[PDB]
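The chain below stands alone and is given as structure tokens, in the form deposited in one PDB entry.
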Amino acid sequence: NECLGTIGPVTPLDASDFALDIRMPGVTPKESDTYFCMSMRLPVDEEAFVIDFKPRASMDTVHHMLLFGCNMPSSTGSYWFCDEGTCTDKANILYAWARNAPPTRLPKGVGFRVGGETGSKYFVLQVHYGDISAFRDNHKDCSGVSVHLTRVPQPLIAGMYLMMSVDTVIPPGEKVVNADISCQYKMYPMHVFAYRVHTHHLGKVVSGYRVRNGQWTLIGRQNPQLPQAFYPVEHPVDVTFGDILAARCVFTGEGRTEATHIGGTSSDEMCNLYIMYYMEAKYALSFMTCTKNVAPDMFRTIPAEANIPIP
């Protein structure tokens, strides 16, 4: 180990379980706001279940950490600048740690599945370093996360419903601009227990709803400029066949000089809502996406709370 840690990358914990220690290789952030990434292949090829996490952040410097599963990490080197990519394939978020917005534990009996036919072969870890002290550009850092994996089949499988907005432009100086996303849901029940929101600097607030016969149930609402942890859903919201998932990101064009495209162009703005759910294992899938607004009509009736600043 690069920071003198004696823990191996795998530690068997009893007959069916093991821990993976996923730790940066002695990296030295030389600048403030640096995103380093690394990858860790699953040691088993059979499917396995991620049931628990323990963060190992340098509290001096580490702002947030994210952990993804995927099959095509963006590099095969010991580490890399995450601005290069996370994975060149889809990157399925498993965990977020933020310094001033502490993670919530997985519900009991809930586990993400990895490996096997359908599951991620690799973890990719992102460690974002905030403002760093001068006089630290020979300090080696091994921040990351310890993952509890089991090969015991879990009764509930966690996954991610990803809502993204790609059809909306922000005109310069326009005070408030909404980006609405909506998709009909057509699987077996999922039950949303957490969420995380992401825009860049123009995002004001992001809110997620289940709409069922024209009644809206909040999934969750957060300002994207607060720490983008997974915020817990106090009472898990069941979403079933026939519901619509609806989301609204509120943006500002204030202070801008040209129009800002939200989504693709991989340019300037985006709006992503990470809806973390579990499904009864036999009906489960690990992820779903919504990238459209099938029912723009609906937003005329949106609850007024969806529009309230969270400054």
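Heads up, when I say rigid core I mean the largest set of C-alphas that superpose within 1.5 Å between the two forms. Shifts are known only where both forms have a C-alpha. One rule holds for the numbers: they count along the sequence shown, beginning at 1.
The protein also exists as the form solved in complex with a small molecule; that form is not presented, and the subsequent description refers to it.
Okay, which stretch from 217-225, 172-180, 157-165, 133-141 lines the small molecule in the entry with it bound, with non-hydrogen atoms inside 4.5 Å?
That would be stretch 157-165.
Using a 4.5 Å heavy atom cut-off, which residue among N272, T260, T61, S39 comes into contact with the small molecule in the entry with it bound?
In short, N272.
Tell me, which of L106, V233, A229, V147 has a heavy atom within 4.5 angstroms of the small molecule in the entry with it bound?
Answer to the contact question: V147.
Triplet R248, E254 and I310 all within 4.5 Å of the small molecule in the entry with it bound via a heavy atom:
Contact check failed for every one of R248, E254 and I310.
is_contact(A91, the small molecule) in the entry with it bound, heavy atom dist at most 4.5 Å
Contact check for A91: yes, within 4.5 Å of the small molecule in the entry with it bound.
Answer for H198 alone: is it within 4.5 Å of the small molecule in the entry with it bound, judged on heavy atom distances?
So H198 counts as contacting the small molecule.
Is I302 a contact residue for the small molecule in the entry with it bound, using a 4.5 Å heavy atom cut-off?
No, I302 is distant from the partner.
According to a 4.5 angstroms non-hydrogen atom cut-off, is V294 in contact with the small molecule in the entry with it bound?
Result no; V294 lies far from the small molecule in the entry with it bound.
Listed options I244, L67, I262, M279; Cα moving by 2 angstroms or more between the shown form and the other one (core superposition)
C-alpha shift of at least 2 Å: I262.
Relative to what is shown, are the Cα atoms of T265 and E84 closer or farther apart in the entry with it bound, where the gap shifts by 3 Å or more?
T265 and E84 sit closer together in the entry with it bound.
Cα distance between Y95 and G264, which in the entry with it bound differs by 3 Å or more from this form, closer or farther
Compared with this form, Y95 and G264 lie closer in the entry with it bound.
Large-shift segments between the shown form and the other one, meaning 3+ residue runs whose Cα move 2 Å or more when the rigid core is superposed:
Runs found: 1-7, 262-267, listed by sequence.
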